[PDB]
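A.B. asks: Following this message is one structure expressed as structure tokens.
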Amino acid sequence: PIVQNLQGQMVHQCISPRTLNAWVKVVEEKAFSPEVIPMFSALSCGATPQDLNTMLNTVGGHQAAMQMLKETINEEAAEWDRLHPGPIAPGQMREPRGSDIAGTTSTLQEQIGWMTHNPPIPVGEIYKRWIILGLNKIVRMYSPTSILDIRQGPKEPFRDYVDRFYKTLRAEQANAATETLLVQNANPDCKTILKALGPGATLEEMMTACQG
Amino acid sequence: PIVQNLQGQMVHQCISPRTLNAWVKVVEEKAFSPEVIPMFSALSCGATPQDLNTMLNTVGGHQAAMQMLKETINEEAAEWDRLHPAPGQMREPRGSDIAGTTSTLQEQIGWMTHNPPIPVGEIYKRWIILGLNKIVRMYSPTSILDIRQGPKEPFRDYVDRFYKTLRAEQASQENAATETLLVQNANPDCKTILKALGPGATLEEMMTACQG
Amino acid sequence: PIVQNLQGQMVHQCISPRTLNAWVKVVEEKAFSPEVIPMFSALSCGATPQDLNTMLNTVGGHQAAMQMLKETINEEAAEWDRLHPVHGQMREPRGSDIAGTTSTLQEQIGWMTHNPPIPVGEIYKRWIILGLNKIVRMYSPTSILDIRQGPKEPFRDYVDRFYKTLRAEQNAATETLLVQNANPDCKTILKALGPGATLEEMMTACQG
Amino acid sequence: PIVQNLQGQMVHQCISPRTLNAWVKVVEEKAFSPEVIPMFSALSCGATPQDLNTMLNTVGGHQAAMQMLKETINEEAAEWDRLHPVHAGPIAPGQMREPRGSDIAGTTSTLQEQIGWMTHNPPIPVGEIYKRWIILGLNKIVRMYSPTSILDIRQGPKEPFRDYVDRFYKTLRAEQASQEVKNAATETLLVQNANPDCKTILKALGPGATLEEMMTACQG
Amino acid sequence: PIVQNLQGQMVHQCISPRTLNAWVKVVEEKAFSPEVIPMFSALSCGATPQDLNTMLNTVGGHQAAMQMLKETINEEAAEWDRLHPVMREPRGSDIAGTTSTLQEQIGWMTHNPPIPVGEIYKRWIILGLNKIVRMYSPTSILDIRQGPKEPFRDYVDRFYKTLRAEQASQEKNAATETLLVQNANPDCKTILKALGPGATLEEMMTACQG
Amino acid sequence: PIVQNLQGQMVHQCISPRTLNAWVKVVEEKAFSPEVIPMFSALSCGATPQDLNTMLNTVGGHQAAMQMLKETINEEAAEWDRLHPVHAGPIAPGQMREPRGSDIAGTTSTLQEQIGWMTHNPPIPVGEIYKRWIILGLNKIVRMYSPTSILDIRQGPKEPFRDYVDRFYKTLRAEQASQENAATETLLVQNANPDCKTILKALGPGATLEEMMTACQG
Ligand SMILES: O=C(Cc1c[nH]c2ccc(O)cc12)N[C@@H](Cc1cc(F)cc(F)c1)c1ncccc1-c1ccc(Cl)cc1
Ligand SMILES: O=C(Cc1c[nH]c2ccc(O)cc12)N[C@@H](Cc1cc(F)cc(F)c1)c1ncccc1-c1ccc(Cl)cc1
Ligand SMILES: O=C(Cc1c[nH]c2ccc(O)cc12)N[C@@H](Cc1cc(F)cc(F)c1)c1ncccc1-c1ccc(Cl)cc1
Ligand SMILES: O=C(Cc1c[nH]c2ccc(O)cc12)N[C@@H](Cc1cc(F)cc(F)c1)c1ncccc1-c1ccc(Cl)cc1
Ligand SMILES: O=C(Cc1c[nH]c2ccc(O)cc12)N[C@@H](Cc1cc(F)cc(F)c1)c1ncccc1-c1ccc(Cl)cc1
Ligand SMILES: O=C(Cc1c[nH]c2ccc(O)cc12)N[C@@H](Cc1cc(F)cc(F)c1)c1ncccc1-c1ccc(Cl)cc1
């Protein structure tokens with residue numbers, strides 16, 4: 001990653017072993033639960049495209065998701081070569097192509113130069129956005145149940161049902177329709193009390209009333 | 001977060017992997033026990049709104065509580081807007097800017113390091129801690145009125161359960177009214193000794209009298 | 001806490017996660033064994049009152065001890081106010097300012113880095129260590145007068161229990177009690193040694 | 001390794017105990033799975049040849065693969081000597097002598113020489129060149145430890161499609177040394193070796209379907 | 001500790017939590033084996049008298065040994081006062097940290113010429129810990145004798161591990177070379193004396209390698 | 001150890017608890033296997049003679065090997081005193097006194113003297129000199145501790161060829177103490193099983209180990 005030397009200077013640093021191991025352990029233990037994405041973005045703070053490819057490469061399993069990730073990266077790189085289609089002025093740098101942002105045709109020197117340019121170009125941030133777009137698709141794919149099939153059990157507490165509802169909703173959406181769907185699929189007892197509270201009630205109010 | 005450079009300038013640093021893992025471990029091992037809130041505040045020292053959202057996003061389960069937290073944040077942001085309705089006049093943040101939904105990292109750093117500053121991270125953390133206090137209270141299993149000393153339970157263990165329950169029910173907020181409930185719900189043998197101690201006794205004297 | 005940077009100035013640092021975790025694990029492992037107190041003083045090196053309240057707040061159990069601690073802190077703050085009554089001059093802290101209930105972080109830093117300093121962090125830690133001493137003495141399972149060498153207990157094990165018990169509660173009186181509560185065999189060997197025997201001599205004469 | 005100073009100058013730092021122990025654990029746990037190679041490269045960021053030799057020396061077992069690695073490095077060193085022979089004679093003041101293949105591999109060079117090469121203006125990256133040779137030898141080891149051919153990866157009658165694709169592309173990664181390869185034949189081989197139920201659904205999708213569409217169709 | 005900064009200056013740092021934890025675990029695992037002493041010396045690198053008292057205070061058990069350590073420290077402190085009778089020079093209680101503030105300890109340690117109160121106190125502690133390792137040593141060196149079926153390597157292992165606790169890690173002496181051969185089993189005893197005098201341990205062990 | 005500060009100067013730094021615990025662990029878990037030696041050299045990077053003695057002092061067991069190590073250090077120190085005699089007289093201003101063998105081994109030198117030699121211009125690397133002596137003794141320990149001989153390593157009946165080569169070069173590493181050949185190449189083919197040995201000769205002359213293990217893959 002490109003961090004800050006105490007001279008306010010932007011220098012390149014090696015990815016720490018602690019960060020490498022952290023990202024690896026997150027994937028092995030959490031698979032593609034929705035919270036893996038914000039953990040990836042946080043662990044890749046200030047990363048060059050080379051750092052992002054290093055992080056994706058250290059993943060041992062989940063090679064089906066990784067191939068899907070590549071196919072998303074290639075479709076975003078194609079769009080970049082459209083919206084931002086040779087001599088190079090002194091003190092300046094070339095313009096990046098989609099393969100340069102993904103790190104398939106660019107070097108660490110070219111990436112560092114783009115990210116420390118006084119007219120800067122954040123190829124690491126552009127690449128990370130493409131990666132997160134693909135990770136969203138993978139999280140949607142790995143979600144076992146649709147939001148429509150989340151229904152409160154007969155003897156299941158309302159808290160545990162809302163836990164499953166919003167965790168499913170997080171994976172899918174990687175609003176009034178969600179509120180109507182939440183009350184509609186509560187068990188018939190809890191359901192009636194939710195209808196009796198009236199509309200526009202906060203989630204805190206619904207859960208303390210359904211606590212019986 | 002925003003930290004101090006050896007050049008004396010407030011600079012932005014990436015949230016460390018050890019801090020991310022410590023916060024995830026706390027939530028997984030303690031859920032919403034009262035002591036989680038001070039640990040959250042300590043682990044988010046100097047945090048920007050983006051850093052606070054990263055910490056909240058790394059929470060795996062408890063999505064009912066997370067949605068409740070969003071509703072509290074939404075209400076605090078709305079009240080902030082109602083309470084905050086020149087060449088070079090800086091644009092001041094709205095509730096959504098403080099919460100980080102409509103503001104960039106660069107804008108958040110601008111407010112926090114301005115002269116005079118607007119501590120959007122400290123403001124946002126105040127809203128989060130309020131919502132976490134609500135969650136801790138709702139998650140508290142037992143009422144303080146139901147904490148009663150067992151016939152063979154040592155007085156110290158009873159007081160441990162009592163004050164830990166009181167902490168969850170008041171969400172760690174600050175009484176002889178608690179002293180009377182503590183004496184009233186002690187078992188008959190200890191209650192007699194506590195009555196004989198006279199009023200206004202310290203807790204240290206009370207537990208030394210009920211040790212035999 | 002307050003540490004020094006590379007310009008000779010005292011700068012404020014965020015409390016570190018490894019320090020926080022170390023203090024939590026100390027309370028979970030050692031409860032209120034006497035050695036918990038010096039560990040607290042070492043982990044709170046340079047702490048502001050805000051940092052001291054953070055460390056105490058991260059304790060999960062032992063809430064009976066924590067309430068006792070608040071009562072000790074309250075009495076120390078009241079005594080500070082009694083000894084510092086109100087009369088270019090800097091405002092001086094109240095007892096609640098040292099304890100962090102009525103002072104902001106900037107006020108605590110301003111006091112701790114003033115010339116000359118008012119070390120509200122070290123004053124507060126003093127009050128806290130006073131309270132921990134009472135908790136450790138409370139948690140002490142047995143009185144020192146009841147620590148007695150078993151008829152088949154090695155003299156070294158008896159001395160280990162003796163001095164660990166004395167530490168939680170707190171010299172010629174202790175040497176008298178140590179010899180007096182030994183079993184009749186070791187007691188005879190210790191009395192035959194006479195006065196002026198070190199603990200090393202006493203433990204050697206009874207090592208059999 | 002050689003890292004940027006807080007002045008901003010390339011200085012030598014000792015290899016850290018955390019980096020050393022990390023590399024030892026990845027080999028004890030993962031052996032020579034394909035993802036071990038990008039982990040080796042990441043843990044040896046900025047490494048000198050001496051550092052690279054230290055990491056290779058901490059491997060306790062797998063000595064057959066380590067001898068193979070030595071032989072691969074020897075062939076790359078000989079090739080370096082054929083393309084970059086050292087001009088004999090005295091070295092100009094303020095200059096470094098030209099490195100031979102054994103200097104890059106760290107057998108006939110000192111730590112002080114390796115530092116002088118890597119921090120020279122312009123730098124001669126003896127550490128990066130040596131790591132390139134090491135990764136070439138590691139590619140061979142990954143293939144040797146992954147015997148199962150991609151042609152023998154077949155979805156079980158009740159194996160979930162996602163697990164079958166996991167085994168497929170993990171086997172392909174070892175065979176192809178983690179090299180990005182766009183090829184239609186390997187994507188038709190994936191459909192070809194799916195089980196009867198999913199293979200019917202995949203053919204009912206039509207040709208030229210993305211992996212996301214295929215895994216969604218066989219999600220049942 | 002008093003350690004080098006980055007600007008070439010000696011400054012005071014707080015004792016590290018990782019250092020405190022390492023010292024606690026060492027005592028828990030090894031008790032008072034001889035190798036505990038060099039571990040204590042390494043973990044107390046640059047320590048002030050306050051840091052040394054902090055480390056000793058984190059020891060939970062072993063309070064019999066800790067009281068003996070206090071008695072050794074008091075003897076060394078009393079001998080310091082007798083050898084330094086009355087720039088205020090530190091008394092024994094100042095070196096041990098019972099009557100000295102942290103600022104006074106730093107004032108002595110960083111003076112020119114310095115008075116290293118941390119190193120002096122560490123010497124007293126190590127002298128006291130050596131007496132504890134010796135007293136807690138289970139066996140005397142004279143009772144280490146090679147088993148009839150015991151490999152010679154295993155006998156030499158027990159001999160020097162016992163001699164280390166006995167001679168409290170102090171330094172090939174003639175009596176120890178004769179005692180090692182004298183207490184070997186009659187078979188290897190013959191092979192050793194056949195080699196003659198002044199043989200290396202590598203030659204004694206290769207001969208009796210079995 | 002001696003490390004570089006932000007003034008480009010070499011300064012003394014305390015040895016870290018991570019380094020001490022790491023060295024203790026590799027000895028407890030791997031004794032004196034050949035891979036222990038490069039681990040000692042990496043963890044002692046930049047070490048003064050005092051640091052090197054600390055690491056050796058943290059070894060609890062293996063005291064027979066540690067006494068052999070002392071006798072190897074004593075013989076290297078005596079050879080240093082023969083080849084580098086100390087000259088009598090006062091020490092020139094701004095210079096260090098000449099180190100003798102016991103100074104390099106840290107028995108008669110102070111830490112400040114060790115720092116003085118290691119940071120002088122030009123530097124006398126007494127830590128690197130001492131470490132070489134230690135590694136010489138440790139190599140003699142790896143060979144004495146080695147159980148099997150390279151001659152007695154023969155391939156089993158149904159044992160895969162890769163497992164036989166694994167055991168072959170691991171034993172060879174202990175016999176040479178990580179020191180590195182048609183001699184070892186012919187001992188590898190001679191001590192194989194008759195099924196693979198036949199195919200090994202048919203491979204031809206000077207075949208690479210890759211070609212050899214692919215020829216006896218099954
Ligand atoms: O919204 C999410 C993702 C999410 C998590 N759980 C879900 C269930 C369904 C679903 O569709 C999405 C999600 N993250 C939040 C942070 C957050 C997380 C949490 F767990 C609890 C909080 F209070 C806040 C966020 N990230 C980036 C920028 C802004 C905000 C944000 C948004 C709204 C407010 Cl009021 C404030 C900030
Ligand atoms: O009071 C609490 C929360 C709490 C914890 N346990 C409870 C059980 C029931 C309950 O209702 C609330 C709580 N925190 C304290 C710190 C503390 C924690 C502790 F454990 C023991 C101490 F001595 C002090 C605190 N935080 C922020 C600012 C000031 C103070 C404070 C307050 C009063 C004093 Cl005298 C001093 C400081
Ligand atoms: O040679 C060894 C020791 C060793 C290990 N295993 C053995 C089995 C028998 C045996 O006799 C000795 C040994 N280390 C190597 C590093 C290495 C280790 C490995 F595992 C695999 C590699 F490719 C390289 C080395 N160290 C210091 C300086 C230079 C070289 C070196 C040597 C030859 C090349 Cl081509 C390049 C560098
Ligand atoms: O491709 C691989 C190795 C790999 C892993 N699994 C495989 C299965 C078979 C196979 O032949 C090779 C491999 N590394 C990638 C990074 C990556 C890894 C991953 F897991 C998932 C991603 F989306 C991206 C890479 N490294 C260095 C430079 C560029 C790129 C690259 C390539 C293509 C795109 Cl679109 C973008 C970047
Ligand atoms: O005295 C204690 C607490 C203690 C521990 N165990 C006990 C059993 C009963 C009991 O009443 C109190 C205690 N700490 C000591 C440090 C120490 C700890 C130890 F374990 C062994 C040592 F040699 C020294 C200390 N701390 C702060 C300042 C000065 C000294 C001090 C005191 C006397 C000497 Cl001669 C030197 C320094
Ligand atoms: O001597 C010891 C203690 C010791 C350990 N084991 C023992 C068994 C019986 C016994 O009486 C004492 C001891 N430490 C040594 C270091 C060492 C440790 C080791 F294990 C193996 C080595 F080669 C060297 C040492 N420390 C401080 C200063 C100088 C030296 C020193 C001494 C002699 C040489 Cl030639 C070189 C340095």
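To be explicit about the labels: the chains of the structure tokens are called A, B, and onward in the order shown, and within each one the residues are counted from 1, while ligands get numbers from 1 in the order they are shown.
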If you take only C-alpha atoms and all ligand atoms and a cut-off of 7 Å, which residues of chain B touch ligand 1, and what are their nearest atom pairs and distances in Å to one decimal, in chain and number order, as a Markdown table?

C.D. replies:
| residue | atom | partner | partner_atom_place_in_ligand_line | distance |
| --- | --- | --- | --- | --- |
| B:53 | CA | ligand 1 | 16 (C) | 4.3 |
| B:54 | CA | ligand 1 | 16 (C) | 6.8 |
| B:56 | CA | ligand 1 | 18 (C) | 4.5 |
| B:57 | CA | ligand 1 | 18 (C) | 4.5 |
| B:59 | CA | ligand 1 | 20 (F) | 6.3 |
| B:63 | CA | ligand 1 | 6 (N) | 6.2 |
| B:66 | CA | ligand 1 | 21 (C) | 4.2 |
| B:67 | CA | ligand 1 | 21 (C) | 6.0 |
| B:69 | CA | ligand 1 | 23 (F) | 4.3 |
| B:70 | CA | ligand 1 | 23 (F) | 3.7 |
| B:71 | CA | ligand 1 | 35 (Cl) | 6.2 |
| B:73 | CA | ligand 1 | 35 (Cl) | 4.8 |
| B:74 | CA | ligand 1 | 35 (Cl) | 4.8 |
| B:99 | CA | ligand 1 | 36 (C) | 5.1 |
| B:100 | CA | ligand 1 | 29 (C) | 5.2 |
| B:101 | CA | ligand 1 | 29 (C) | 4.2 |

A.B. asks: Suppose we keep N, CA, C and O atoms; can you now write the selection as a compact mmCIF listing (two decimals), in the first residue's frame?

C.D. replies:
# COMPACT_ATOMS: atom_id res chain seq x y z
N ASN B 53 -18.34 3.46 10.37
CA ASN B 53 -19.18 2.61 9.53
C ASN B 53 -18.49 1.29 9.21
O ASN B 53 -19.16 0.25 9.10
N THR B 54 -17.17 1.30 9.06
CA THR B 54 -16.44 0.05 8.84
C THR B 54 -16.58 -0.88 10.03
O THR B 54 -16.84 -2.08 9.87
N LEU B 56 -19.00 -0.94 12.28
CA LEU B 56 -20.36 -1.46 12.34
C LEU B 56 -20.60 -2.50 11.24
O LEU B 56 -21.30 -3.49 11.47
N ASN B 57 -20.01 -2.29 10.07
CA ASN B 57 -20.21 -3.22 8.96
C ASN B 57 -19.57 -4.58 9.19
O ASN B 57 -20.03 -5.57 8.61
N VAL B 59 -19.75 -6.36 11.82
CA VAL B 59 -20.56 -7.19 12.70
C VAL B 59 -21.30 -8.22 11.87
O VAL B 59 -22.02 -7.88 10.93
N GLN B 63 -28.32 -8.66 13.33
CA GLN B 63 -28.78 -7.69 12.34
C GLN B 63 -30.08 -7.00 12.75
O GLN B 63 -30.37 -5.91 12.24
N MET B 66 -28.64 -4.21 14.61
CA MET B 66 -28.01 -3.28 13.68
C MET B 66 -29.04 -2.41 12.97
O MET B 66 -28.79 -1.22 12.74
N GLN B 67 -30.19 -2.98 12.62
CA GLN B 67 -31.26 -2.18 12.03
C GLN B 67 -31.83 -1.20 13.04
O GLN B 67 -32.13 -0.05 12.70
N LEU B 69 -30.10 0.11 15.42
CA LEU B 69 -29.07 1.14 15.53
C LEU B 69 -29.19 2.15 14.39
O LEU B 69 -29.03 3.35 14.60
N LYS B 70 -29.48 1.67 13.18
CA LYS B 70 -29.68 2.58 12.05
C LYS B 70 -30.86 3.51 12.29
O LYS B 70 -30.80 4.70 11.95
N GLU B 71 -31.95 2.99 12.87
CA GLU B 71 -33.11 3.82 13.14
C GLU B 71 -32.80 4.90 14.16
O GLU B 71 -33.27 6.04 14.04
N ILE B 73 -29.71 6.19 14.64
CA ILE B 73 -28.85 7.12 13.91
C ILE B 73 -29.69 8.02 13.01
O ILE B 73 -29.45 9.23 12.93
N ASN B 74 -30.68 7.45 12.33
CA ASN B 74 -31.55 8.25 11.47
C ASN B 74 -32.27 9.33 12.26
O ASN B 74 -32.39 10.47 11.80
N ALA B 99 -23.17 11.06 9.56
CA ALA B 99 -23.32 9.61 9.53
C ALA B 99 -22.52 8.96 8.40
O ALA B 99 -22.34 7.74 8.43
N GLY B 100 -22.04 9.73 7.43
CA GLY B 100 -21.20 9.20 6.38
C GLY B 100 -21.92 8.63 5.18
O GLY B 100 -21.27 7.98 4.35
N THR B 101 -23.23 8.85 5.05
CA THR B 101 -23.98 8.35 3.91
C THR B 101 -23.90 9.26 2.69
O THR B 101 -24.05 8.79 1.56

A.B. asks: For ligand 6, list the contacting residues at 6 Å or closer, counting only C-alpha atoms and all ligand atoms, as a list in words.

C.D. replies: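 Result of the 6 Å neighbour search around ligand 6: residues 160, 161, 163, 164, 167, 169, 170 and 171 of chain E; 53, 56, 57, 66, 69, 70, 73, 74, 105, 106 and 107 of chain F.
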
A.B. asks: Take the residues just selected and output them with N, CA and C atoms as a short mmCIF file (atom, residue, chain, number, x, y, z; two decimals), in the first residue's frame.

C.D. replies:
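Output below, filename selection06.cif:
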data_model
loop_
_atom_site.label_atom_id
_atom_site.label_comp_id
_atom_site.auth_asym_id
_atom_site.auth_seq_id
_atom_site.Cartn_x
_atom_site.Cartn_y
_atom_site.Cartn_z
N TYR E 160 25.45 -31.68 33.30
CA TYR E 160 25.66 -30.25 33.12
C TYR E 160 24.41 -29.43 33.45
N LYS E 161 23.22 -30.01 33.31
CA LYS E 161 22.03 -29.30 33.76
C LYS E 161 22.03 -29.16 35.28
N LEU E 163 24.89 -29.24 37.17
CA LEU E 163 26.00 -28.35 37.48
C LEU E 163 25.63 -26.89 37.23
N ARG E 164 24.77 -26.63 36.24
CA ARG E 164 24.34 -25.26 35.97
C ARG E 164 23.54 -24.70 37.14
N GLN E 167 26.31 -24.54 40.32
CA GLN E 167 27.23 -23.43 40.12
C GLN E 167 26.55 -22.19 39.53
N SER E 169 25.14 -21.02 36.93
CA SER E 169 25.59 -20.54 35.62
C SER E 169 26.90 -19.76 35.74
N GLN E 170 27.90 -20.42 36.32
CA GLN E 170 29.25 -19.86 36.42
C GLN E 170 30.24 -20.82 35.78
N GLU E 171 31.30 -20.25 35.20
CA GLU E 171 32.29 -21.04 34.50
C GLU E 171 33.62 -21.05 35.25
N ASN F 53 24.99 -14.60 23.48
CA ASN F 53 25.06 -15.37 24.72
C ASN F 53 23.70 -15.46 25.40
N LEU F 56 21.79 -18.26 23.62
CA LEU F 56 22.29 -19.57 24.03
C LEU F 56 21.93 -19.88 25.48
N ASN F 57 21.86 -18.85 26.33
CA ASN F 57 21.52 -19.08 27.73
C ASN F 57 20.05 -19.44 27.93
N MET F 66 25.53 -27.98 24.63
CA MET F 66 25.96 -26.63 24.96
C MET F 66 27.39 -26.60 25.49
N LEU F 69 29.52 -26.89 22.52
CA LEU F 69 29.55 -25.59 21.85
C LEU F 69 30.57 -24.66 22.51
N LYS F 70 30.65 -24.69 23.84
CA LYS F 70 31.64 -23.86 24.53
C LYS F 70 33.06 -24.27 24.14
N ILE F 73 33.82 -22.92 20.78
CA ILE F 73 34.07 -21.49 20.85
C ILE F 73 35.45 -21.22 21.44
N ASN F 74 35.86 -22.01 22.43
CA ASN F 74 37.17 -21.83 23.04
C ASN F 74 38.29 -22.09 22.03
N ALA F 105 33.80 -13.36 22.26
CA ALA F 105 32.83 -14.26 22.88
C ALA F 105 32.06 -13.61 24.02
N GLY F 106 32.39 -12.37 24.38
CA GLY F 106 31.62 -11.63 25.36
C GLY F 106 31.91 -11.97 26.81
N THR F 107 32.95 -12.75 27.08
CA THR F 107 33.27 -13.09 28.47
C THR F 107 34.09 -11.99 29.15
#

A.B. asks: Going by DSSP on the backbone, which bits of region 148-189 of chain F are helix (DSSP H, G or I)? Write them as a VMD selection string, please.

C.D. replies: chain F and resid 161 to 176 182 to 189

A.B. asks: Env of residue 197 (chain A): 12 Å cut, atoms = only C-alpha atoms, seq-sep filter 4 positions within chain, self excluded. Answer as a VMD selection string.

C.D. replies: chain A and resid 183 190 to 193 201 to 203 205 to 210

A.B. asks: Go ahead and write the residues just picked, N, CA, C and O atoms, as a PDB file, in the first residue's frame.

C.D. replies:
ATOM      1  N   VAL A 183     -43.636  -7.971   8.664  1.00  0.00           N
ATOM      2  CA  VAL A 183     -44.804  -8.270   9.487  1.00  0.00           C
ATOM      3  C   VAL A 183     -45.640  -9.379   8.862  1.00  0.00           C
ATOM      4  O   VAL A 183     -46.289 -10.151   9.578  1.00  0.00           O
ATOM      5  N   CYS A 190     -47.697 -13.321  16.868  1.00  0.00           N
ATOM      6  CA  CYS A 190     -46.872 -12.122  16.725  1.00  0.00           C
ATOM      7  C   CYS A 190     -47.390 -11.222  15.612  1.00  0.00           C
ATOM      8  O   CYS A 190     -47.342  -9.991  15.719  1.00  0.00           O
ATOM      9  N   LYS A 191     -47.883 -11.830  14.531  1.00  0.00           N
ATOM     10  CA  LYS A 191     -48.388 -11.078  13.388  1.00  0.00           C
ATOM     11  C   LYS A 191     -49.561 -10.192  13.786  1.00  0.00           C
ATOM     12  O   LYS A 191     -49.618  -9.014  13.414  1.00  0.00           O
ATOM     13  N   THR A 192     -50.509 -10.744  14.550  1.00  0.00           N
ATOM     14  CA  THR A 192     -51.681  -9.973  14.953  1.00  0.00           C
ATOM     15  C   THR A 192     -51.291  -8.781  15.819  1.00  0.00           C
ATOM     16  O   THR A 192     -51.797  -7.671  15.622  1.00  0.00           O
ATOM     17  N   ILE A 193     -50.390  -8.990  16.780  1.00  0.00           N
ATOM     18  CA  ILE A 193     -49.963  -7.893  17.645  1.00  0.00           C
ATOM     19  C   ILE A 193     -49.246  -6.819  16.843  1.00  0.00           C
ATOM     20  O   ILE A 193     -49.343  -5.627  17.158  1.00  0.00           O
ATOM     21  N   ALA A 201     -44.672   2.028  13.086  1.00  0.00           N
ATOM     22  CA  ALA A 201     -44.017   1.736  14.354  1.00  0.00           C
ATOM     23  C   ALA A 201     -42.556   1.365  14.131  1.00  0.00           C
ATOM     24  O   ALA A 201     -42.217   0.657  13.178  1.00  0.00           O
ATOM     25  N   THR A 202     -41.690   1.849  15.019  1.00  0.00           N
ATOM     26  CA  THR A 202     -40.270   1.548  14.922  1.00  0.00           C
ATOM     27  C   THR A 202     -40.019   0.068  15.200  1.00  0.00           C
ATOM     28  O   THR A 202     -40.825  -0.619  15.833  1.00  0.00           O
ATOM     29  N   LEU A 203     -38.876  -0.421  14.711  1.00  0.00           N
ATOM     30  CA  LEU A 203     -38.511  -1.814  14.950  1.00  0.00           C
ATOM     31  C   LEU A 203     -38.368  -2.095  16.439  1.00  0.00           C
ATOM     32  O   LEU A 203     -38.732  -3.178  16.913  1.00  0.00           O
ATOM     33  N   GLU A 205     -40.120  -0.825  18.776  1.00  0.00           N
ATOM     34  CA  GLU A 205     -41.468  -0.992  19.310  1.00  0.00           C
ATOM     35  C   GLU A 205     -42.049  -2.350  18.942  1.00  0.00           C
ATOM     36  O   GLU A 205     -42.712  -2.991  19.767  1.00  0.00           O
ATOM     37  N   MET A 206     -41.822  -2.803  17.708  1.00  0.00           N
ATOM     38  CA  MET A 206     -42.364  -4.091  17.294  1.00  0.00           C
ATOM     39  C   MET A 206     -41.733  -5.234  18.076  1.00  0.00           C
ATOM     40  O   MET A 206     -42.406  -6.219  18.398  1.00  0.00           O
ATOM     41  N   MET A 207     -40.441  -5.125  18.390  1.00  0.00           N
ATOM     42  CA  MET A 207     -39.752  -6.240  19.028  1.00  0.00           C
ATOM     43  C   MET A 207     -40.104  -6.336  20.507  1.00  0.00           C
ATOM     44  O   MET A 207     -40.188  -7.439  21.059  1.00  0.00           O
ATOM     45  N   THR A 208     -40.316  -5.197  21.168  1.00  0.00           N
ATOM     46  CA  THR A 208     -40.689  -5.246  22.576  1.00  0.00           C
ATOM     47  C   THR A 208     -42.149  -5.652  22.752  1.00  0.00           C
ATOM     48  O   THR A 208     -42.514  -6.215  23.791  1.00  0.00           O
ATOM     49  N   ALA A 209     -42.992  -5.390  21.750  1.00  0.00           N
ATOM     50  CA  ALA A 209     -44.387  -5.811  21.815  1.00  0.00           C
ATOM     51  C   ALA A 209     -44.534  -7.291  21.492  1.00  0.00           C
ATOM     52  O   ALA A 209     -45.363  -7.983  22.093  1.00  0.00           O
ATOM     53  N   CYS A 210     -43.740  -7.788  20.546  1.00  0.00           N
ATOM     54  CA  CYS A 210     -43.711  -9.201  20.189  1.00  0.00           C
ATOM     55  C   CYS A 210     -42.894 -10.041  21.161  1.00  0.00           C
ATOM     56  O   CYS A 210     -42.730 -11.242  20.925  1.00  0.00           O
TER      57      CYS A 210
END

A.B. asks: Taking 6 positions as the minimum chain separation for residues in the same chain, which residues sit within 12 Å of residue 118 (chain D) when counting only C-alpha atoms? Answer as a PyMOL selection string.

C.D. replies: chain D and resi 1-3+9-12+46-49+96+99+104+111-112+124-130

A.B. asks: Counting only C-alpha atoms, what is within 9 Å of region 117-126 of chain F, bar same-chain residues fewer than 4 positions away, as an MDAnalysis selection string?

C.D. replies: chainID F and resid 2 9:11 48:49 95:99 103:105 112:113 130:131

A.B. asks: If you count only C-alpha atoms and all ligand atoms, which residues end up within 8 Å of ligand 2, as an NGL selection string?

C.D. replies: (:B and (35 or 163-174)) or (:C and (50 or 52-59 or 63 or 65-74 or 96 or 99-102 or 128))
